[PDB]
Amino acid sequence: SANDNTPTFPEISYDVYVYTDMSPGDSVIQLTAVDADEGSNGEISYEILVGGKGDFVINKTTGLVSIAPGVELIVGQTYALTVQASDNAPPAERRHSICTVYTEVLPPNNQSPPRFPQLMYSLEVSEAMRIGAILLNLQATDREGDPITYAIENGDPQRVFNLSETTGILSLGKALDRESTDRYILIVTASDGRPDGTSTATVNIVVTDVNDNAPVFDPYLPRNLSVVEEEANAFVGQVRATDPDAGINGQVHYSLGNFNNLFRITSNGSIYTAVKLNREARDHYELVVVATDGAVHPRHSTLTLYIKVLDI
Ligand SMILES: [Ca+2]
Ligand SMILES: [Ca+2]
Ligand SMILES: [Ca+2]
Ligand SMILES: [Ca+2]
Ligand SMILES: [Ca+2]
């Protein structure tokens, strides 16, 4: 006879779920539309029209949608597959119907780990930062809404830092000092709860300097010194101090607390007689030299030297 019946699906739409762990060729859904108008015209030919985006395919005669060749399914991905049941009458006398498949990609067994907003974090702290002061909230959220367990794993042997098990706030647990340790680099972890479900991340704490160390003089350098009389710019002796702080806070500058019209001092701390010294006038000069770090909010140190002038 003629073509008299339209190839029809039983439903309008299909919600079906797909996973990350799937491989090419794995069956997604068997769609079967009835035409039942027997002839060439009773014989159906399926086809995805649009919305597969290269990650899906249907077998023409069977009506079976499968994962396409060579594709990796990204998680949390929407797809809407319009699939067309075409009957095999001539093009003139053809009939068509449509059906839409609504798919979402999931994680393997639908449970990713909890993920951090970043893979690395760069912090900065002053060694002077108050104990208990919060450094960083590590709010790593969990796709499925599971409860999170935070904890540091490596990079903190001291436990100088405390990461709240529940809240993910990173407080400071013991007092910082920069000379002890100049920077910490932690490894931190969120837990889904099961072993498969745990992400990692790295925090890079960098401690910055305060002037909390006065320049200390070398203990062994000579304090009891000699000089020749009747000589301007004559060498007397040398002092030396150091500062375990850094920057301008590390640089030491030598100054004289007395006798600065008589004696002078260099950048390096060498002391010279600025004028023609004399034994008949003054054979005991008890001089005090001062080291001051060249810093904002500076610190001082003193050293009384014992200079006794000789003649020859
Ligand atoms: Ca038909
Ligand atoms: Ca999870
Ligand atoms: Ca310090
Ligand atoms: Ca200092
Ligand atoms: Ca310091």
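Each position is counted from 1, following the chain as shown.
How was it done? The header gives X-ray crystallography, 3.8 Å.
The backbone N, Cα and C atoms fix where each Cβ goes, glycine too.
If you check Swiss-Prot, you get these features:
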- 117-217: domain 'Cadherin 6' (DOMAIN)
- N59: N-linked glycosylation site (CARBOHYD)
- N162: N-linked glycosylation site (CARBOHYD)
- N224: N-linked glycosylation site (CARBOHYD)
- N268: N-linked glycosylation site (CARBOHYD)
Practice problem: Output, ordered by sequence, the same-chain residues six or more apart from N59 (N-linked glycosylation site) with a CB under 8 Å from its CB, or 'none'. | Solution: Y46, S66
Quiz item: With DSSP, how much of the domain 'Cadherin 6' (117-217) is helix, how much strand and how much coil, in residues?
Solution: 0 helix, 46 strand, 55 coil
Exercise. Mind giving me a neighbour count for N224 (N-linked glycosylation site)? Other Cβ atoms within 10 Å of its Cβ, every protein chain shown.
Key: 9
Exercise. With a 10 Å radius around each C-beta, find which of these glycosylation sites (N162, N268) has the fewest other C-beta atoms nearby.
Key: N268
Exercise. Check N268 (N-linked glycosylation site) against DSSP and tell me helix, strand or coil, would you?
Key: coil
Quiz prompt | Alpha-carbon distance [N268 (N-linked glycosylation site); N224 (N-linked glycosylation site)] in Å | solution = 19
Practice problem: Measure from the CA atom of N268 (N-linked glycosylation site) to the CA atom of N162 (N-linked glycosylation site) and give the result in Å, rounded to a whole number. | Solution: 45
